[PDB]
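Here is what each chain is made of, one letter per residue.
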Amino acid sequence: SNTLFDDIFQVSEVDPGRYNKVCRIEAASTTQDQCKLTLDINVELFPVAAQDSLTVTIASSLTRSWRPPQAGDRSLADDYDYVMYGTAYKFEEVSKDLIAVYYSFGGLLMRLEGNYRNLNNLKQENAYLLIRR
Amino acid sequence: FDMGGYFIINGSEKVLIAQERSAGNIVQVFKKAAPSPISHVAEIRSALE
Amino acid sequence: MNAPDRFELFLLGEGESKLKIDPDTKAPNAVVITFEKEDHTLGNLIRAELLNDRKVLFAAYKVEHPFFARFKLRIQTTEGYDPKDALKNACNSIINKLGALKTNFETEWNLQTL
Amino acid sequence: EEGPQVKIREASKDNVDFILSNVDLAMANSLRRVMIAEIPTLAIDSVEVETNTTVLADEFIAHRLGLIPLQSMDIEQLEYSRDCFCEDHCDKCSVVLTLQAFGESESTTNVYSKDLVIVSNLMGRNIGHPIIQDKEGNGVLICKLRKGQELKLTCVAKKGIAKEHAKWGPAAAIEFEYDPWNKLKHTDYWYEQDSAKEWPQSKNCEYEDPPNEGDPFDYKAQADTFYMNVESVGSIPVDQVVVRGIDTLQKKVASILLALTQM
Amino acid sequence: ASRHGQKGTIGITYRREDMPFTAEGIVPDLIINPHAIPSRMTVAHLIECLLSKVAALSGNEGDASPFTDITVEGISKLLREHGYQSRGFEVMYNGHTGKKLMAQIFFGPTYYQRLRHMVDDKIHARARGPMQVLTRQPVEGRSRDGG
Amino acid sequence: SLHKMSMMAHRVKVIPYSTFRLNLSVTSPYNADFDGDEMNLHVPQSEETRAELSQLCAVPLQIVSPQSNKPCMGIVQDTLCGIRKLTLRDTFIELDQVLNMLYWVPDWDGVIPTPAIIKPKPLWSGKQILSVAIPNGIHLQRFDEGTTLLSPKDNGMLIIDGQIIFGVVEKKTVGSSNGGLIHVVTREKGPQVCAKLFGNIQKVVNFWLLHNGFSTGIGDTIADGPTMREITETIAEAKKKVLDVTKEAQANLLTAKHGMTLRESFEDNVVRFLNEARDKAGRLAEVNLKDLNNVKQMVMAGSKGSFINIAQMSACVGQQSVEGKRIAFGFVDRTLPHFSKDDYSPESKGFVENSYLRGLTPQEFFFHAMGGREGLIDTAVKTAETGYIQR
Amino acid sequence: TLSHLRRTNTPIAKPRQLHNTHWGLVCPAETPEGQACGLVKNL
Amino acid sequence: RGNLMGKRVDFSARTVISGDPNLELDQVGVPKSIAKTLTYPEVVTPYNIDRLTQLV
Amino acid sequence: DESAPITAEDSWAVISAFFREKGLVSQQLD
Amino acid sequence: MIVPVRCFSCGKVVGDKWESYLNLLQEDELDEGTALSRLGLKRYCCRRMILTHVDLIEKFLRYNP
Amino acid sequence: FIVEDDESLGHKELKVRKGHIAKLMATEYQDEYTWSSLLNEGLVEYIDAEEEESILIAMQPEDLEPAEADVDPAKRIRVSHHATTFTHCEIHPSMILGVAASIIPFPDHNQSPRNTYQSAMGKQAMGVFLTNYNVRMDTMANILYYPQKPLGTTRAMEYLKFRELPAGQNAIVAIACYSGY
RNA sequence: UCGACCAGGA
Ligand SMILES: [Mg+2]
Ligand SMILES: [Zn+2]
Ligand SMILES: [Zn+2]
């Protein structure tokens, strides 16, 4: 029960291509030049234009049947606007100390390339995705 | 609305179907196949009207 | 010739109960109710109203085959809440709403000159 | 005012236009179904044919007698023969209509739904009278006769619902529409160039404000506000198609509560 | 069958309430599968329908005569003049839920023919019965109650 | 009964009404459609004779057929059309419907999956809830055109542990295809488990489709005015290309392609230019038709139709042919009495410039009927012939 | 009925095919699907 | 061919076919009338004596 | 004018005249 | 063959309008489209019922016994 | 129809003129100028397949007869009035079809075999075979209770009495995927 | 109930 990855990215391009509720986002980190990101986003519930500033967080938690809202005593780990649940399906060794991790949030794919997530990102399905701003 | 053009035989209504045939007194030339000792034939189905 | 009687849609057969409440083995605090001589009219209405109940974790209904006028309704509730009470409350909520609707329709109709 | 609100747009003898607000879609739809299929009506369900020298078949004539709308105001005080303790039928559970017609005239003799005669005792309850909406006061041309042409028959009208047979359908078409501007995105319009121009604007658009273009999609928003139009055939008045449809659905639910209490 | 070799037997009968519906309250008498159209290229079935929809609204007879100057574009213009969407489509609602169908259904009248092939004149079963004299095997045909 | 699969053991279900009813996926081995088809049923009378049916002849046992070492039954018609629609990136389901869709899978664990989208609205994808029907320990990886482990097109297929990771589910995945989900589930989990898979995929997709809908109208044959101009000038240019080859052959400049007549050579190049034209005129439509085009969606799912159907309905029917050659001079040096003698133009020898949407001219109509009659004969003969070969 | 009283039978080069000469004399479409295809013509 | 390689047989039925989405791959929908005609000779055993008595 | 050329619509008046005289089973009767 | 009581599709009484439809056509000289709408036949399902009817009973009535 | 080079007031034109057409319709309404009138006035002719070989037919009158001095993109693509040597004109190209194929709406918009299938199934469609079915004692008679004349009709149906004795009903049809039934 | 012809269905 803890955070796995956190960084702030800037959107290069936003591509729908035949999709009316989906867009494949292209973004690079502001912190590390070696870091890049590709992500399909449900733009209907959370729209993104080019040059946006988004905080992209992963985290393990906050195997159990899903429960409805009841937002009372709920530990609302939502300080973010966009939250997705996915599966890690590929761990690509993209040369050097650069490593790419592939996620699938019900078909909406994600590919995160970097270096230091060795002490972080697990091949363990159980992973969330949180985006604010 | 009944059109006629049919017969009544022992109660049942009968139609005489138009029967197709090759016309008579007609000259027609036909090429005969490769095994045959005859190359071409001129036929006439000559019959009285 | 192989067509069943039409009254078989709404009339309970020989030794047939309206409700058959069976506990669901798959999940805790879960139940499956079989509604005999009923269609989507009742089915969709209960499911929709059960969903309004925050103490209800799961509510779904299905007409397994359209030849037969029956349906199954699976209810799963919050530990401590009996799904039978969940259904009782949902039913009462429906009646109360319909009573309000009828009263409101009647007070509106009398305002007309046609 | 209370719970689900109602706003009557246009009322008449056979048509009611109204806006059903503060309701869930399931309730709006379940009411629609009940009005079509489950309000009890009175309709001819038995035809005994004494003479038929007509050009029409006995069951062809019988089929049309079922489809004839009969007065069904006090239908609630008539028993379903199935629950009535008699042998076959009686006054507690049925209405007996008589029909006798003969081609007196040289010209074609018409047989109308006015030509039916109540022969049973209505015990003063408003039932059985064939519904005449016709300008000339005849209503429904049952059959046409020549000269020596005769038709002598007896009809037994029983209480029933549309699920048993559509002849007991108290309502004709029911108009039903929500979200004239597709704000909920419950439909995805088929088009060639512009869906907005190719798809005709609903009359109901005048009762909801347009989506205001640049406004993002409201996912939170739910389907409430239903533009309805109930049409009555004549058996029961339009208001009663609504009221009794509301009442039947309530009774339908009450029987589940009843069942649970026996359990 | 329609008049375009577009035959098929009934598979179920639904009452008015279970049926999909236009806002107007019009309900189909028949429901045919869209899969019957592409491989068959029975375009005249779709045009008969568009023309018949107009004909019903206008009260004029639809001229579905062959080698004429009547175009789909022509028919569509007349339909849009009747307040419906030009290419026949109509927004329909699910009978069970009352929710709008995500798709728009090509709705309209079409001349359907009742064919002489009825199931109760075909349905046959035998479990022992009349046997032939010579061979001692079951007789032939449903007529004779054969195997 | 041309197949061992034409006779299969089935479990009775006494139902009302006068028709024998069958699961739609079983339709292909029997080669049945319900346009008036009748089927036979034989009751075993012995305990050992029932065991033969249940243990050897049973439908689930026949799923993977030894004819071509692949399944002989897959997901068809409604379910195939709806499974593509259900599994698009754009397709999302909210709680209410998800619960009903979950309750419909009989084998369902009673465990509601975590929605892909939690954020403002809890939303499940189509892939997500279709995966509930797919059993655990079912791994399948495909790769189509631009499939890159990040399939930007929603191309190929990747199923890990009976959960769809990426790809639109259509015929290549769920049909009676070689590496298909059905060949894999049969081999990996057994026949009785794959038989359940058919039912569950069906029960979920048919439910979803019931509430989503699907249709087809004239609108789906209509192509853009500009596309229609392009199509008209595409036929026009090919007519000129032919006329030019006609003028060249008339001035004795044409040279025959070995073992061929000058006429045999001219015809081949004429037939070619017109068939090239029908194809590019067709492709012009297929491209212009949006993804909303219902015909294109049935073509896309692999449920019904192919390119040629779009071509002939929307753009141009094409050249008509009897005995492999174009419409011959049945009359003295002309195809019909409406033409002059020695006319070899596309119109004369049976080319159909028009589309079924625009409608056929009386000549186009007669020639089209001529070619059609050839098909009707072929079907009738190659039944008595092909039938005896089987024996 | 009308169709029956306007029927033809051909008893037996390519008889079954729709000939060019059949224009306006015999129906191009109306023929049986069976083993009589092209032999049973209608005027 | 007609009487020995093939035969007309008892315990057989034929009727029009329809498709059903709510039937399992391996089931067949059998009209009640066809079930009422087509019989099976179940031997009276102690495991079915009560069941068979009830059918009779 | 009475000497004006015929239209495509006019041809149906000729066909009406054909069937008024001949009928549909003319071939069988004659 | 004789006017259907009630529309197949929506169940509206159409059977009490044959004479009225025919009168609006001959006597009133109205066009069919207008005639139907004057009878209150608004949806095309009702409109066909009357427009598309063939009163064969008038032919049948011509046979003496 | 006979086409003659002689038409003093111009070129090659059809023997039948507007007058003949009105003379015919006068006789149609008065129920003198019959089909036999056209034949004996030499405006129409009977051509067998052998005589057809020596003639040149035009498809349409008006369209295949003027000259040359924009085009609706919705219409079908037609050829031209290429020839001057026209001897005859087609009364109507829809007259190439028979009694069964004549009731198909728009057969010029269907794949040829589909039209063959209909002019086969139409023969098995219930309707009204004759108005005297009550006085006939036939083995088997099938009469459709409430026949309906088709909304989509052909001009040839007039002569076929289809509108008078129909064999179907105008069903409100939805082309959709519903329950999967 | 001996079986020949004709007409159909998939
Ligand atoms: Mg078939
Ligand atoms: Zn009683
Ligand atoms: Zn109606």
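Residues numbered from 1 in each chain as written, not as in the entry; some residues may be left out. Chains lettered and ligands numbered in written order. Part of a larger assembly, values for the part shown. Heavy atoms only, no water.

Per the deposited record, X-ray crystallography is how this structure was determined, to a resolution of 3.15 Å.

1. Concerning the coordination of the zinc ion (ligand 2)
All names here are of chain D. At this site the zinc ion (ligand 2) is bound by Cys84 (SG), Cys86 (SG), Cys90 (SG) and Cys93 (SG), with donor distances of 2.3 to 2.4 Å. If you look at the zinc ion (ligand 2), its 4 donor atoms make angles of 103 to 115° with each other, and the shape they trace is tetrahedral. Expressed as a motif, the donor residue spacing for the zinc ion (ligand 2) is C-x1-C-x3-C-x2-C. (Donors = N, O, S within 2.8 Å, 3.2 Å for Na, K, Ca; no water. Tetrahedral: all angles 85-135°; square planar, octahedral: opposite > 155°, others 65-115°.)

2. Focus: helix α2 (residues 72-80) of chain E
Residue and element names in this part refer to chain E. Buried within α2 are the following residues: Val72, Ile75, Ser76 and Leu79. With its buried residues spanning 100° around the axis, α2 presents them on a single face. Check the buried side of α2 and you find it contacts α1 (43-58). (Buried < 20%, exposed > 50% of the residue type's maximum accessible area, 1.4 Å probe, protein only. Helix = DSSP H or I, 4+ residues; strand = E, 2+ residues; numbered from the N terminus. Arc of directions from axis to C-beta. Contact = heavy atoms within 4.5 Å.)

3. Digging into the coordination of the magnesium ion (ligand 1)
Coordination angles at a metal have ideal targets, namely 109.5 degrees for four tetrahedral donors and 90 or 180 degrees for six octahedral donors. Taken together, the protein donors to the magnesium ion (ligand 1) comprise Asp33(F) (OD), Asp35(F) (OD), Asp35(F) (OD) and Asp37(F) (OD), at separations of 1.9 to 2.4 Å. Of note, the donors binding the magnesium ion (ligand 1) are all from one chain and are spaced D-x1-D-x1-D.

4. Looking at the pattern of salt bridges
Under the definition given, this model contains 82 salt bridges over all chains. Of the charged contacts in the structure, one is a salt bridge between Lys167(D) and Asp45(D), with a shortest N-O distance of 2.8 Å. Taken as a pair, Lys167(D) in the loop between β10 (150-160) and β11 (171-178) and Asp45(D) in strand β3 (residues 41-52) lie far apart in primary sequence, 122 residues in all. Given a relative accessible area of 9%, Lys167(D) falls into the buried group. Residue classification places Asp45(D) among the partly exposed positions, given a relative accessible area of 41%. Residue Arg87(E) pairs with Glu73(E) through a salt bridge whose shortest N-O separation is 3.1 Å. Of this pair, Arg87(E) sits in the loop between α2 and β3 (89-93) while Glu73(E) sits in helix α2; the two residues are 14 residues apart in sequence, bridging distant segments of the chain. Judged by its relative accessible area of 33%, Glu73(E) is partly exposed. It is possible to trace a salt-bridge network through shared partners that takes in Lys18(C), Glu38(C), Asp39(C), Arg33(D), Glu38(D), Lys163(D), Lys252(D) and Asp18(E). (Salt bridge = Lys/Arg side-chain N within 4 Å of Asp/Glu carboxyl O.)

5. A look at the environment of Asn354(F)
Its place among the elements puts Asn354(F) in the loop between β14 (351-352) and α13 (362-381). Given the relative accessible area of 1%, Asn354(F) is considered buried. Those residues within four positions of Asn354(F) in sequence are excluded, and the remaining contacts are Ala315(F), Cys316(F), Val317(F), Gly359(F), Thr361(F), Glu364(F), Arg76(K) and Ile77(K).

6. Looking at the side chain of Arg6(G)
Residue placement: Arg6(G) occurs in the segment before β1 (7-9). No salt bridge is formed by the buried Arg6(G), whose closest oppositely charged neighbour, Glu30(G), lies at an N-O distance of 7.4 Å. Separated by 2.9 Å, the side chain of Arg6(G) and the backbone oxygen of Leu24(I) make a polar contact. If near-sequence neighbours (up to four positions away) are discounted, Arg6(G) is found in contact with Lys41(G), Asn42(G), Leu43(G), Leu24(I), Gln27(I) and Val99(K). (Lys, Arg positive; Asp, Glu negative; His and termini not counted. Polar contact = N/O pair within 3.5 Å; in protein donor to acceptor, adjacent residues only side chain to side chain.)

7. Things to note about the interface of chain E and chain K
A common measure of how large an interface is: the accessible area buried when the components associate. Counting residues at the interface gives 66 residues for chain E, matched by 52 residues for chain K. When chain E packs against chain K, the two sides together hide about 5,300 Å² of surface, and 59% of this comes from carbon and sulfur. Of all residues in chain E, the largest losses of buried area upon contact with chain K belong to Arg3(E), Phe67(E) and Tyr111(E), amounting jointly to 15% of the total for that side. Linking chain E with chain K are 3 salt bridges. The closest approach of N and O atoms between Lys149(K) and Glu61(E), which form a salt bridge, is 4.0 Å. In this assembly, chain E and chain K are joined by 34 residue pairs in polar contact. No other element matches the 10 residues that α1(E) contributes to the side of chain E that touches chain K. Here the residues of the side of chain E that touches chain K are counted per class, giving 33 nonpolar, 21 polar and 12 charged. Note: strand β4 (residues 100-112) of chain E against strand β6 (residues 169-175) of chain K, 7 bridges, orientation antiparallel. Across the sheet, residue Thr110(E) finds its bridge partner in β6(K), namely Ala171(K). (Buried area = accessible area lost by both parts, 1.4 Å probe. Nonpolar A, V, L, I, M, F, W, Y, C, P; charged D, E, K, R; others polar. Pairing = 2+ DSSP bridges.)

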